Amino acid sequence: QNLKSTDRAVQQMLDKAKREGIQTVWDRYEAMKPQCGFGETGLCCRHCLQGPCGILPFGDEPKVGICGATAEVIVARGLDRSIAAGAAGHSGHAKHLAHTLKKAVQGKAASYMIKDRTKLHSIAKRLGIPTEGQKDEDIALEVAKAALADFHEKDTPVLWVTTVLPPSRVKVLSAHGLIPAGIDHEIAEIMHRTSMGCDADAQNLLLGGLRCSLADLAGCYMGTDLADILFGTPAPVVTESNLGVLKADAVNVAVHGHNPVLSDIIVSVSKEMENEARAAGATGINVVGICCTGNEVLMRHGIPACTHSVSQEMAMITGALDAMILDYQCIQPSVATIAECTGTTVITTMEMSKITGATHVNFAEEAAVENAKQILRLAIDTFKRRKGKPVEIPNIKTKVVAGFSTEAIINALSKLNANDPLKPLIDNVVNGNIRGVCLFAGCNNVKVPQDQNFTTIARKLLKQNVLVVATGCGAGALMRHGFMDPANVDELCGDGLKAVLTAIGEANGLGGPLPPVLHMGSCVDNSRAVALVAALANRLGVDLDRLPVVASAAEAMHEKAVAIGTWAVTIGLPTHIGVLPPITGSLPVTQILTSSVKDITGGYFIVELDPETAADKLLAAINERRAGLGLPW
C-alpha cells in the first residue's frame, strides 16, 4: 500500500477498499498499464478526422503527421490546448465569482455581500477605479464590470495581468507580444491556431501558449481578488487535516471542487442547522474540505481538511461521509459509483458539472441559503440511514496552521518592521538565514506515490533554509504530513530558517514559530504567491527573474497545473515539474521550454522525476539567482 500513497490514513482505507471489492483510482491506473508511449511523449494528434496520427519517438515510420505536422508542431499544439483548458477552468471560476459579486451589489443575491471593504478599495485603486466619495456597492459594481471586461478584447489589455505585475515585467512581456488581449479571446485563439492547417511553427505556437498562460494567471488573480472581497481575506487559522477529522457521531459533509461560492454558504448555514442535525440524532454538522474548495473554507474559516486529490475516494471508504457536495474541477467521477457502495449522497450543484448517478441540486446565488438548507437536509437524511452502522475512520490527523494570505504574511512581517514589512524578510534573504523561496503548487498524480515528491523536496529545501510556501494539493500534501504544525519546526527547518520563523511567530503573539510551510490557499491563490513575489521585486528594484524564488509542481496532474507552471515560467521563475509532461517526444520543444525561454522571460521549466535530484536542481536555481544578486550562498 506504501507504493500507492505515503498517507497512513489513505493506506488504511486502501486496505478497506481492497477488502470490500471497491475499485480505486490506483486499481484503475494498474489496469491502464502499459500506457501509450505516443501520448505520454506528446507524439499523438487527433485534431482532425484524418488521424489519429502518432509519431514514433525513435526509429522508422510514422515520422510525420498526415497533413505534414512535424513532431514539434504536434507537441506544441497539444501543450497549448492543455494551457487553454487550464485557463478556461480558472477563467470560469473567476467569471462565476464576478457575476456573483455583480448580483450581490445589485440587490439580486442577498446571501452574498462585500465582506472585505479594504480589499475592495485596494483592488479598485490598483485598477484605476475611482473610490473617493463612491458607495461601496458602486465601487464593487465597477470592479465586477472590469473583471467581466477582461474576458474579451477592449481598449486595454487584460488588467488582471498588467496591473498585478511590476512595470518592468510587463515591459519584457509586452516586447514579446505576450500580454493577453482578453481571457476567453486567448483561449479561443489557442483552439483556432492549434486546429488543423493553422499555426505550424513550434516557436510561434509556444509564444501563443505563454500568452494564454498569462490569461490563466489573470483568471487565478481575479478569482482570488473576488473571493476575498466576497468572503474575507484569509488570516492565520488553526485547524486539522486528514481523515481523522471525520466524526462517526456527526453528519459528515464534504465540500469538494474549487469554487467557494456555494460552500462558503454551506459553512455558514450548517451552523444554523446544527439543531436540526441534533434532532436527527447526530452531534451536529461537521463540514470538512476536499481539494481546493476545502482549501478555501480552511483558509477563511478553519474548516478541517479531510483529504485531497488522488485519494478523495478514501474519504467515502470510511462509510461515515454522509454527503459530498460538488461544484467543479478535479472531482473523480468514480465518486458517483462508489457512493452506491458506501451510502454517501453525492450532490452536484453546477450546470456545467454533472455526474451520472449523482443527485443534482440546481444551485443559484439568488437562492443560495435555500439550496444550502436543501443540500444539508439530504446529508442529515443520509446520516439517519447509517444510525448504528459500523464506520472505520482512521484515527489519523495532523495539526494545521494556515490562512497565510499575502496580506497576512505582510501583517505578520510588519510586527518586526512596521513601516517596511518586506524588509525583515529581505534582510534574512541577504544574510543567508533564508536561502530562497519555493512555492509548492498543483495536484497529486497516480503515477507518483501520493505526497512522496512534495515531502521529499520540501524536506531537503527546508534543511537548506528555503522559505517554503504552498497551495492547492501541494499544500494538502504538506499539511497531511505535519509540515504546517509549528511543533515540527525543530525537526524540519535549518537553523537560519528556524530563527526567522521563530522571530516572526514570537513577534505575532503565538509563543512559537510560524509553521514550517506557509499555506497560501487554493490553486487560484497561486496568485497570492505572485502578489508576494511582485511585492518583493518592487521593493528590491529588480525584475522577478532576478529573485531567488522557484516553483515546484512536484506531482502535477491537471491541465490547470500545466497552465500554472507555464505562467510561473512566463513571469520569470525556475519552475520544476515532477511528472512527465507530454513534451519529451520533441527535443526542440523541450529545449525551448527548459533552456531558450530563459532568454525570453527569464524563467524556465525544470523537468525532473527524481525528487532528490529535483531538490538539488531547485537549490541550484535558487543559488544561481543568489549569485546573480551578488549574495553569498
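The first residue of the sequence shown is number 1, and the count goes up from there.
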Decide which of the stretches 91-99 and 128-136 has the higher mean C-alpha B-factor, going by the entry. 128-136
Determine, for stretches 553-561 and 405-413, which one has the higher mean CA B-factor as deposited. 405-413
Comparing C-alpha B-factors across 523, 467, 477, 266 in this entry, the winner is 266
So if I compare the CA B-factors in the entry for 438, 198, 492, 518, which one is the largest? 492
Which third, lowest, middle or highest, does the CA B-factor of residue 180 fall in along this chain? lowest
Classify residue 81 as lowest, middle or highest third according to the C-alpha B-factor given in the PDB entry, relative to its own chain. lowest
Would you mind ranking residue 454 by its C-alpha B-factor against the rest of the chain and naming the third, lowest, middle or highest? lowest
Lowest, middle or highest third: which one holds residue 304 when the chain's residues are ordered by CA B-factor from the entry? middle
Lowest, middle or highest third: where is residue 284 by Cα B-factor in its chain? highest
